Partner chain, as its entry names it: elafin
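Next comes just one chain, in structure tokens: the form deposited without the partner chain.
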């Protein structure tokens, strides 16, 4: 997250860290949203690589013991069948991870609230992206979970020529684009939390930013629209 602030430890309890084994250690690669005690929602592009993945819930600082982490292996990975790694702009950047164990809920570990199917946010709706992603274009991951206020950019504006053009689809949510704050690498897969009727819900799964840079004016961070996949998510969980 570029231009973020440190999140309070219990603000976003559904945020998880998706990590891969590297040598004798683990490295954060993407975020995700805990949606069932044994299921995580993340971006399909985060699991394109054939790596060993683990999920960390109750994580706050990637480089320090928080005393609240629970570490769990990823037992099954279900990527959306239309996902195409060669074409992120086509959409379908979503995957569900079945965890090896069911995690325990507490103030640091909670299920993410999802929007009802088909819900679309009005332009400029208040949202926070959260993640341990790069804090600068071509920077380094954050140590502590960051949050940045990123108001949505509706489809009509987002898909206009000075924004993302045809690359943005109605199955996505755009947010931000002010040139200062944004998602960045490492935030992928994590949530876009938006306040609707008093409650935050996870309306987006971080998918991509411009190749030019993370915080690029009129290139808002683009997320998979969670409300486009409610049936898909329920169908996956019911059959696994």
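Residue numbers count along the first chain shown, from 1.
We do not show the form solved in complex with the partner chain, though everything after this point is about it.
Annotated contacts: 30, 45 and 184 all touch the partner chain in the entry with it bound [non-hydrogen atom within 4.5 angstroms]. In summary, among the residues 119, 125, 147, 167, the only one with a non-hydrogen atom within 4.5 Å of the partner chain in the entry with it bound is 167.
For the options 57, 202, 209, 41, the one in contact with the partner chain in the entry with it bound, meaning a heavy atom within 4.5 Å, is 209.
At the 4.5 Å threshold, heavy atoms of residue 79 stay clear of the partner chain in the entry with it bound, well away from it. Looking at residue 89, you'd find a heavy atom of it within 4.5 angstroms of the partner chain in the entry with it bound. Looking at residue 134, you'd find a heavy atom of it within 4.5 angstroms of the partner chain in the entry with it bound. Interface membership of residue 141, defined by any non-hydrogen atom within 4.5 Å of the partner chain in the entry with it bound, is confirmed.
Stretch-level contact analysis of 33 to 41, 194 to 202, 173 to 181, 211 to 219 against the partner chain in the entry with it bound, using heavy atoms and a 4.5 Å limit, identifies 211 to 219.
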